[PDB]
Amino acid sequence: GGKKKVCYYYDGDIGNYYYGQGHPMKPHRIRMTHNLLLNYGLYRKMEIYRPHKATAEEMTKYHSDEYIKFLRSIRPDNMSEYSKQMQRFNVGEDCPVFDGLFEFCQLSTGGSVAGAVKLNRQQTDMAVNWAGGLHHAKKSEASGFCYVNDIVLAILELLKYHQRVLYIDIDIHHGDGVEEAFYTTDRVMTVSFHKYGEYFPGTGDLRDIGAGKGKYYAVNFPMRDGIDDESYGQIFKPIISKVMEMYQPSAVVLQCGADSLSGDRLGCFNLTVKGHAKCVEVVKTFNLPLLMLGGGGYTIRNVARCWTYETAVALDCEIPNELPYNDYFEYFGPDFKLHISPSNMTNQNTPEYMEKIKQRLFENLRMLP
Ligand SMILES: Nc1ccc(-c2ccc(F)cc2)cc1NC(=O)[C@@H]1C[C@H]2CC[C@@H](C1)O2
Ligand SMILES: [Ca+2]
Ligand SMILES: [Ca+2]
Ligand SMILES: [Zn+2]
């Protein structure tokens, strides 16, 4: 048990990257998160590092040479010359070309891989990179605002020193890029909780359980609109406890996508910051090397709240509900509190549904050796 060493990765340039007018991804939210947690005094309890810019050598440990070469070359001024490749690599529309795109990929990736190295060297208990968690990016394809899969790269780093790595994903969307990368291996177990049914990315059915050596090492909990703290807490600790018992990982990667929070611009879940952060508390009790990553989140005031509170949880530091003054204080009106209320939206996940899906996942976890 006990309190644990936390290393936290942040680059002050991250907030200046801009996806374009009306695009819901705001890298500014990482700066808001940073500034809020600094104003709570949480810098006093952890080591703050600036990530290196991850190289093409680092990125091509997973991604194709042609895809990384394209990301290094593509700019707003030369887009007409790469019309074929833009379509091939799924760049230009939802994943736009913007100024400094490659540098943005290098920063988000750098934090996750640096955190993994720190964990491998046994120089920290927890590593935190809120700029990471880009779980949709594929080997040779951008997807869902993600270009470079920092998570896959960080897990490959952990696999140098860890026989078994557990990946847990509480983003509202299915962690499809991470699942796909490790679908045929027992050395990574991927566990995703997500909205499923007529929803992006369209994968992560209950019946998707892995293949070959990876059969029974992919776990998917499909959910409906409006899941709440009670319903999520119903199943999270039981599932993760059973996974820990059967799989026995030596390192953990937790993707903490904040688009599962109540009031998210794109999401349809109803979790509070406390309900979301209960997942961090559950994972942290197992006392394994832990990489905590960001993810989605489009109501940026709540993203800042969520990841500030989850940093406090990682540190075992109680922080007051009254928000301290900060550079983005006006974003947190009209209440200026840390914690959020759930909406009155209907929870389409019945208690019977939650128990039934849990029981079917328990059947699959019995098939581990
Ligand atoms: N899930 C996720 C996780 C991380 C990042 C992400 C991407 C780049 C970053 F620098 C940091 C985080 C994005 C998503 N993308 C979504 O949530 C969108 C997927 C599609 C398109 C609109 C809607 C929402 O459906
Ligand atoms: Ca998920
Ligand atoms: Ca697997
Ligand atoms: Zn998401």
Side-chain angles (χ1 to χ4, degrees), residues 9-11 13-20 22-33 51 54 71 90-91 93-96 98 100-112 129-138 141-152 167-179 190-196 198-206 208 218-223 227 232 235-236 239-240 253-261 264-269 271 276 279 293-300 302-303 306-307:
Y9 292 85
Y10 174 75
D11 192 303
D13 299 351
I14 199 78
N16 300 122
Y17 294 95
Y18 191 60
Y19 275 64
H23 196 284
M25 182 48 78
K26 307 295 186 175
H28 186 57
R29 74 207 177 119
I30 309 309
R31 184 154 52 196
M32 291 176 59
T33 304
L71 292 179
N90 192 35
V91 169
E93 190 88 314
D94 287 27
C95 305
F98 55 88
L101 172 55
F102 190 67
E103 280 186 57
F104 183 68
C105 303
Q106 298 186 282
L107 289 178
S108 60
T109 304
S112 302
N129 179 34
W130 298 130
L134 287 73
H135 68 178
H136 294 314
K138 307 300 204 66
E141 211 185 304
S143 179
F145 317 159
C146 301
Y147 310 82
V148 176
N149 207 315
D150 67 298
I151 307 170
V152 171
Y167 174 69
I168 304 165
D169 188 315
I170 66 170
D171 200 279
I172 197 173
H173 303 86
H174 179 230
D176 61 334
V178 182
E179 185 185 281
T190 57
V191 180
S192 185
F193 304 87
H194 48 269
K195 166 61 190 171
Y196 184 77
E198 296 177 41
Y199 209 73
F200 189 92
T203 52
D205 192 285
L206 181 55
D208 300 332
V219 179
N220 289 296
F221 202 119
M223 297 168 172
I227 199 167
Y232 216 96
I235 64 75
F236 188 82
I239 292 282
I240 300 307
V253 179
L254 182 61
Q255 199 272 18
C256 305
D259 53 9
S260 46
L261 298 170
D264 188 82
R265 290 190 189 277
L266 302 182
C268 54
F269 275 12
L271 301 179
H276 199 275
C279 302
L293 304 174
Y298 307 101
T299 299
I300 68 180
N302 295 344
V303 175
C306 190
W307 294 339

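Atoms within a ligand are numbered from 1 in the order they appear, just like the ligands themselves. Residues: numbered from 1 along the sequence shown. For the numbers below, each heavy atom of this structure counts, side chains included, while hydrogens, waters and symmetry mates do not.
For ligand 1, the polar-atom distance check against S108 finds no nitrogen or oxygen pair separated by under 3.5 Å. Polar contact check, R29 against ligand 1: no nitrogen or oxygen pair lies under 3.5 Å apart. Residue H135 has at least one N or O atom closer than 3.5 Å to an N or O atom of ligand 1. Taking any N or O of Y298, backbone or side chain, at least one lies under 3.5 Å from an N or O belonging to ligand 1.
Ring-centre distance between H23 and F98: not below the 6.0 Å cut-off.
Selection from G297, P24, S143, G296 by nearest heavy atom to atom 3 (C) of ligand 1 gives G296. For atom 22 (C) of ligand 1, the candidate residues are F104, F200, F145, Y19; the nearest heavy-atom contact is made by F145.
Put simply, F193 gets within reach of the Ca ion (ligand 2), with an N, O or S atom under 3.0 Å from it. At least one N/O/S atom of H173, from backbone or side chain, sits under 3.0 Å from the Ca ion (ligand 2).
At a heavy-atom cutoff of 4.0 Å, ligand 1 is contacted by no atom of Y147, backbone or side chain. The proximity of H174 to ligand 1, defined as any non-hydrogen pair under 4.0 Å, does not occur for either the backbone or the side chain.
Rounding to the nearest 0.5 Å gives a distance of 10.0 Å between CG of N90 and NZ of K138. Atom-to-atom distance recorded for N129:CG and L293:CG is 6.0 Å, nearest 0.5 angstrom. The distance from atom CG of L271 to atom CD1 of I172, rounded to the nearest 0.5 Å, is 8.0 Å. Here CD1 of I170 is found 9.5 Å from CD1 of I240. Values are rounded to the nearest 0.5 Å. Annotation: the span from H135 atom NE2 to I151 atom CD1 amounts to 6.5 Å, rounded to 0.5 Å.
The count of protein N, O or S atoms under 2.8 Å from the Zn ion (ligand 4) stands at 3, with waters excluded from the count.
The atoms of ligand 1 that sit less than 4.0 Å from any heavy atom of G133 are 3 (C), 4 (C). Residue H136 approaches ligand 1 through these ligand atoms, each under 4.0 Å from one of its heavy atoms: 1 (N), 2 (C), 14 (C), 15 (N). Shown in contact with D171 at under 4.0 Å from a heavy atom are these atoms of ligand 1, numbered in order with element: 1 (N), 2 (C), 3 (C). Less than 4.0 angstrom separates some heavy atom of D259 from each of these atoms of ligand 1: 1 (N), 17 (O). Atoms of ligand 1 lying under 4.0 Å from at least one heavy atom of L266, given by number and element, are 24 (C).
Shortest contact from atom 15 (N) of ligand 1 to any protein heavy atom: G144 O, 2.8 Å. Scanning the protein for heavy atoms near atom 5 (C) of ligand 1, the closest one is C146 SG, 3.6 Å. Looking only at protein heavy atoms, the nearest one to atom 6 (C) of ligand 1 is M25 CE, 3.5 Å.
Judged by distance alone, with hydrogens and angles left aside, the side-chain atoms of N220 form a donor-acceptor pair with the main-chain N or O of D208 at under 3.5 Å. With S260 contributing its side chain and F269 its backbone, the two residues share no donor-acceptor pair below 3.5 Å. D264 contributes a side-chain N or O that, together with a main-chain N or O of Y298, makes up a donor-acceptor pair within less than 3.5 Å. One N or O on the side chain of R29 and one on the backbone of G297 form a donor-acceptor pair closer than 3.5 Å. Side chain of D94 to backbone of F145: no donor-acceptor contact under 3.5 angstrom is found. Listed for the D259 side chain is no donor-acceptor partner under 3.5 Å among the backbone atoms of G267.
Using cut-offs of 30° and 60° for the angle between ring planes, the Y19 and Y147 rings count as tilted. Ring planes of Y196 and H194: perpendicular class, angle over 60° (limits at 30 and 60°). Between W130 and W307, the angle of the ring planes stays under 30°, which puts this pair in the parallel group of the 30/60° scheme.
Between the Ca ion (ligand 2) and the N, O or S atoms of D169, the shortest distance is to OD1. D171 has its closest N, O or S atom to the Ca ion (ligand 2) at the position named O.
Judged by the shortest distance from any of its heavy atoms, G257 lies outside the 4.0 Å radius around the atoms of ligand 1.
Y199 pairs by the ring-ring contact (aromatic ring centres under 6.0 Å, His included) definition with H173, not counting sequence neighbours.
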